Structures are given as C-alpha cells and as structure tokens.
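Two separate entries follow, structure 1 and structure 2, each one form of the same protein chain as structure tokens.
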Structure 1
C-alpha cells in the first residue's frame, strides 16, 4: 500500500532550524524563528500561566471530556476579546465559539465546516501569507486563490492592487484577512482601509474569514480588533479563527478558537451544530489544559491584570527592537531607508533582502532568516543587534 508514496516536499522551516542548530559558529543568530523570545533569548512560560497551572493542579478533580465546543467560559471570554464587552453580536447571541487545537485547528474546522455545509469552493489569501494557509484549505478540498498585498518598493500595503485582485472574487467566495500583525509583512490595513474593505465585502458577497493569531502584539488588545469589529458591524455572517499561542505563550498546548457569526441566534445555532459535527469527526473534543489556563486567567481580575501586562511587555519589547534595528543599521551605513520597520506591526517584517542575500547571510555570517527575507524581530536583542546589523550591511 505504501511502497510508492511520494515524500512530502522539503519543509524549509524545520529545516532552517536544523541547519542553525548544526552551525558551529559564534555568534550565529536565528531570525527565522516563529515564536516570541525575551531579552535573554528565551521563550518562557508566562508567570500568569504558571500561576493558573498551579491553580488547576490544586483544583481539578476530573479529566472528564469537555463538550465538543470546549469550556463555556473560554468561549465567552473569547467573544469579549474579539467583539468587545457589550457588542451587539454578543447581546443578540449571533456568535457561537468552539475551542480548538490552536489557530490552525480553528482554520481547519472552519474549512471542513464550509466544504461540507455550504457552496464555498474558493478561499482568497494574501500574497504573501503564512504558508500553511494553502495547505489547510486545500486539505478540505477548497481552492486557494491569491490577492495582491505587498508594495515591495515602498514596503507598504499596495491597497489599489489588493482591491483590483479581489474584484476577481465571485459572490460566495471566502476572503481571508489577518486581523492584525500580518504574517509575514507586519503591514496591516488602517482603520479606514478596513472600513473600505468591509463595505466592499458586503457589496461583492464575500464571506470574511479572519485569522487572528496575534491580538495584542500590534497596538493593544482592543485596538488590534478594530478591523474585525468594523467588519462585524457591516456583516450578517463571518468566521474568526483566533489563536492564543503567541499572546499567552501557550504554543504547544494548542489553544485557539473558531467563532461562527450569523444573522441571528436561530441561524447561528443551526449552522454551529454542523461545525460541531465537523469537530466530532476530526479530534472529537478539544484539549483542556491550555484553554483552561486561558479561561482561568481571563475570568480572574488578578490573573488577567498580570497577563495583560506580560503581553504589553512583549509588544513593547518588539517595538524597542524595531527601533533599535533601524538605528543600528543605518544611521551607520545602509540602503533606501529602513524606517518602514518602525511602522510595521508584530514579530515579523520583510527585511527587503533578496533570497540570495538571505543565503549569503546564512552561509557567510551565520545569520538565519527565511528565504523571503522575513525576520522575526523578537530574535533580536540589545546584545546581538550590532553583529546582526554588521552582517546585514555586509550583504547589501
């Protein structure tokens, strides 16, 4: 049965990682990483999370299965983060949330749900995006089409190209939007651009699918949800796939959510019953520990305050590295302005380096980025910034 199976394509991520580990040079630097690191180069467990885990160790008396949609408090806390306390969507019971194994798990549940219960055949994704978006949607039998996004000359949102691309989208297509901190570019729509897109989406009959993996890493929890909430105010229907992997530092515990929104409570409940069937046929019901930590923290005033400040510390450290990177580069020698780095949001930015410059940075200087030129600014520290920048300047 298995003798003729073709090996999966290479996987550049695992990948880049292995080469970096094998590298014997001082002082090699990994900017290809996909997680947050603090100023010491570690990805610690958040203190709020440790405190919550201690509470669960002390208080859990069973591991009995959760419901298919997971912990109810997790679902309520999730909708308040997405839509805001007092949102009409919440008041009108127009939204149902399933706890999922990570943001990826939410995307796949959304995809399976749409493939089996609607006429959706196609999902529009930005070029560039997270590379697993195409894999997830194709796995459910959905075609992925790309829309233009990045102005490589100005390192900005090519808004005109975006709108032009998306005019090829038919009514009933899904259009995926990164809620904030676009991966890989760090370039997000302004609020006014979000509002324009919301209006266009209504007119053209798109189903919006928000991928919200970095809430809190651009400007703040509420600010980062402005775009989503502009869409929510304009649409009867939408889906949100959110993730707590980065903003709770809970990557490996697989903590995310798929939130379904419809015109009213009867419609969303009926539709959500099929979303639950899609979950049942995949992993049956979701892993408690990470989501329980999230619910425990979000619903406790003391823990939530500690967590919100840890998330603010992460957001602020990323911003300090963006500033320190620009200063260190090019007040000391470099190319057509790197100030675009200060305006971008989240852990990631395209550096503007070519695939060959990136290879030369790996081979000659032991500095690792992804072939697209994406760098994770949280892999930067005050201590490694000077050598990093000296290497970059050398390949310009």
Structure 2
C-alpha cells in the first residue's frame, strides 16, 4: 500500500527546526519559528504558569474526560478576552467556545464544521499569510483564494488592492482576517480601516473568520482586539480561532479556542452542536493541562496580575530588539534603509530579503530565517545582534 507514497515536502517553518538542530556550528542563529526568547536566548516557562501548575499538582483529583467543548471557565474567560466583559455577545448568549489543540486545531475544527454544515466552498486568505492556512483549509475540502495585502515598495497596507481583490469574493464566502500582528508582514489595519472592512463585509455578505494568535503583542490585550470587536458589533455571525501559545508561552501544551457567534442563543446552540460533532470525529475532547493553566491564571487576581506583567515584558523586549536591529544594521554598514522594521508589530518582521539571500545566510552564516524573508525579532538578543547583522550586510 505504501510502496508508491511520495515523500512530502518539508514545512517552510517547521522543517527549519530540523535543519537547525542537525546543523553543527556553535554560532548558528535561529530566527525561524515564532517562539519568544528572553535576553539569554531561552524560551522559559512563565512564572505565573509554574505557579498555576503547582496549584494543579496539589489540587487536581482526577483526569476524567473533559467534555467535547472543554473547561467552561476557560471558555468564559476567552470570550471576555476577545469581546470585553460588558459585551452584548456575552449577555445575549450569542457565542459558544470550544477548547481546541491550539490555534491550528481551532482553524481545522472550524474548517471541518464549515465544510459539512455550511454551503461555503471558498476561503479568502491574505497574500502573504501563514503558510499553514491553506493546508488546513484544503484538508477540509475548501478552496483558498488570495487577496492583496502588503505593498512591498512602501512597506504599507495596500488598502486599495485589498478592497479591489476582495471585490471578487461572493456572498457566502469566508474571509480570514488576522486579529493583530499580521503574520508575516507585521502590518495591521487601523481602527478606521477595520471599521471600513466591517461595513464592506456586512454589505457583501462575507463570513468573517479571525485568526487571533498574538493577542497582547502589538499594543495590549484590549487594544489588539479593537478590530474584531468592531466586526462583532456589526455582524450577526463570525468565527474566531484564538491561541494561547505565544501570550502564555504554552506552545507544546496546545491551548487554543474556537469561538462561534450567531444571531441568537437558539441558533448558536444548534450550530455549535454540529461543531461538537466535528470535534468528536477528530480527537473527542481536548487536553486539560494547558487549558486548566490558562483558566486558573485568568480566574485568579494575583496570578493574572503577574501574567499580565510578564506579557508586557515580552512585548517590550521585542520592541527594544527590533529598534536595536535597525540601528545595528545601519551601524554595521547596511546600504538599504530598514527603518520600516520599527513600524511593524508582533514577533516578526518582513526583512525584504530575497530567497537566495536567505539561503546564503543559512548555508554560509548559520543564520536561520524563513524563505520569505521573515525573521523572528523575538529571537534576537543583544549578544547575537552583532554577528547577525554582519551576516545580513555581507549578503545585501
């Protein structure tokens, strides 16, 4: 049965980790995958997380199954993070949340749901976007169309092209939006642009699907949800796949959520019952650990206070790093002007390097970035900033 199976091509993002660890050389630098690193070049487990885990070790009495949708407190907490405490979506019981194996699992359950209970056939994903978006949607049978986004020349959000591209989307089509920290550009729409997109979306009859994997890394928890909230004020239906991998440093525990919003409770309940059907045919129920950590931290005033501070520390370090990056690039003799880097949000930055430059950076200098020229700014430390910038300049 397997004699003709052809070897699959490696993921541009994940296949990178393989090559890196296989690569010898002490000075090799890894600016690939979106994982946060502190001043020392480590990706530690948050203190708030260590505290919640101890609480669980001593207070957990059973590992009995969690129920299709997961931990309730967990769901209640993400809806408030996404929509705000007062929010009418919460008060009118228009939203349901299912705990999932990461933001990726949230996208998949959403895709499986849409493909089998809805008349959706195509999903619109930005150009450029996280490579794994198309793979997830394609796996459920949906087709992926692309819309313009980034203006490579000015390094801006080409809104006209965005609008003009989306004008080809039909009523009933899904349009995937990045909540904040657009991967891999780092460029996000303003509140004005977000409201405009909201209006357009309501007139054209598109189903908004927000991917929120970096809430907290641009401006703040509440600020980063401004766009989504603008959409939720106008739409009767929307789906949101959120992740707690980055803002909680819970990468390998797979903590995410798939929130479904409908015109009313009665409707959302019927729709959600089908979503739970898609989950049962996939993994049954979700992994408790990482999600219990998130809920215990969010449900406790002291623990949440410590967490929120840890998060702003991460955000601010990233911001110090991209600033240092630009200066050191100019200082080291880079000919091109990379000031636009300071204008981007999140863990990355679209360096604007060519595929060949990225290849030489790796082969010749052990510096690892994604073929698209995306580099993890959060992987830069004051100690690797110099050799890194020298490698880059010797390739421009």
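Here, rigid core means the biggest group of C-alpha atoms that superpose within 1.5 Å across both forms. Positions refer to the first chain, counted from 1. Shifts are known only where both forms have a C-alpha.
Exercise. With the core lined up, does the C-alpha of residue 334 move 2 Å or more between structures 1 and 2?
Worked result: Superposed on the core, residue 334 moves its C-alpha 2 Å or more between structures 1 and 2.
Exercise. Would you say residue 27 moves its Cα by 2 Å or more between structures 1 and 2, aligning on the core?
Worked result: Indeed, residue 27 is displaced by 2 Å or more.
Exercise. So, does residue 365 move by 2 Å or more at the CA between structures 1 and 2, with the core held fixed?
Worked result: Yes, the C-alpha moves 2 Å or more.
Exercise. Taking the rigid core as the frame, how far in Å does the Cα of residue 382 move between structures 1 and 2?
Worked result: That residue's C-alpha sits 1.1 Å away in the other form.
Exercise. Once the two forms are fitted on their rigid core, how many angstrom does the CA of residue 18 move between structures 1 and 2?
Worked result: Displacement of the C-alpha, rigid core superposed: 3.2 Å.
Problem set entry | Regions shifting between structures 1 and 2, defined as 3+ consecutive residues whose CA atoms all move 2 Å or more relative to the core | The segments that shift (3 or more residues, C-alpha shift of 2 Å or more) are 10-28, 331-337, 363-366.
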